[PDB]
Each structure stands twice: as C-alpha cells, then as structure tokens.
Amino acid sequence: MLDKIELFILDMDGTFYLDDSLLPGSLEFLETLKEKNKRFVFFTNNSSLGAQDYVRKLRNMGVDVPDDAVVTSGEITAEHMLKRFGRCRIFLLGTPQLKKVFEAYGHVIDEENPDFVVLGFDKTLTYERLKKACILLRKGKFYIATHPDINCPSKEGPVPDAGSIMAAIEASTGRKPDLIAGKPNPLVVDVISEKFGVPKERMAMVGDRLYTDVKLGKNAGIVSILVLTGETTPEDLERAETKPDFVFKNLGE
C-alpha cells in the first residue's frame, strides 16, 4: 500500500497539465518524488508526435526534464518491432514526427514494397494514403497500430484518433490490427521496466483514464493510481487507488 514504489509512469494531458497549462500541484509533485528518492516517466498513447516533441512542450511549459523522461506509443511500437522483427520496411499511416521515430529505430518506409502497414494518430491522413493502406492490407501485409484509442480529447472536444481511422480500415478490408502496442497493452510497462531497470513489483501507473489507465495496471500487474483531474466520476468494473490531484498524491508520499 504505496510508499514502497520506485517508478511512477505519469499521464500528461488530463493528469499533469490541462489545456497546455500546468495543473496545480504537478510541479510540487515531481519535487516530492525527488526528495523521497523516486523515479518518474511520462507516457502518452498519442503518437502524432515523438517523445522529444513532448519534452519540448513540457519544458516550454515550465518543467525542466531529461530526454528519456517521456515515452510514446510511437517509440514503444518501434522498439517492439525491432525487438522481434528487426529493421522493417513499413508503409506508415502516421505523421512526419512519428516517421522520424520509426526511422531512428532503423526502420524504413517503403511506400512501394512494404512488409507492414503501421497506423498511428495520423493527423496527416488523406484518402489516397488510406486507399493504399487498404490495398496493401488486402495483400495480407502485417498490420500494426500504435494505440487503439478511438477519439482524442481536445480543446474543441472529442476528435477522431487512431481508432476512428481503424474503424474505416476495418470496414473496408474487414481486417483489424495484428498488434496494438499502446495502453492497456502491458507491453508498455514491460518496455518501461527494461529501459529503466526497476521491476513491476515497484512500479505504479498514475493517470486520469478510469478504464484505460486502471486496466493497464491490471494487465501489466502494477498498482494503478487514478487521479480525479480528468473526466472521472462514473464508476464500476475494476477499481484501484484514488486521489484528487497531485496535492493528495504528493502528501501520500
């Protein structure tokens, strides 16, 4: 029951900040982890940008932080492919930033003859790119998606995300991803574990997504810490450990 934890995977929008503005207590929270000798790693299923893009956004916000401090379903999806397939020739349904991410992992984008069709939060999607992906899929190419999320919360409200695009791809090719690396797929915790050394026995998930964040911890087997700075109140199914924001979080060590 807490206090014996070493690594805290933190959510970003909805948990650490909101609407591009830090959330009260967030700053003071990290500091508390410093003192109490704790390790923290941010994570987001949003693959429309790469880790660095976020590291910038955080610092530009007022948070000095290392480069390995952020992780995305992007780098997870890449690293996992390299792990079990190696340098791959993929048709990427993603954004320029997501691409650079896959390239840094030695992968290559071959619009011509690819082995995998990879789908990310493609904010640069076009009908043609969809048409191509669908055809390649009907040629039975390995199909991988960075995350499952249907919509993504925004200033203007819920907006189409990877899941929404998937919906179309599936209605057309009748096919669904062969793999999805993002939460709640345990893979995230496993990879984060390896990359930092600390074991699942001393790791905690801190977020605001009642279903996803809680269910991640269940599948990956680690304490899930639900925070109430996001859209949370309705509850059933699985539960976890709870607190309003990081004020409470911090004070609870």
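Residue numbers run from 1 along the displayed sequence.
The mean Cα B-factor in the deposited entry runs higher for 57-65 than for the other of 57-65 and 43-51. Mean CA B-factor, 200-208 versus 181-189: the higher value falls on 200-208.
In the deposited entry, the Cα temperature factor of residue 112 sits in the top third of values across the chain's modelled residues. Residue 227: CA B factor lies in the lowest third for its chain, per the PDB record.
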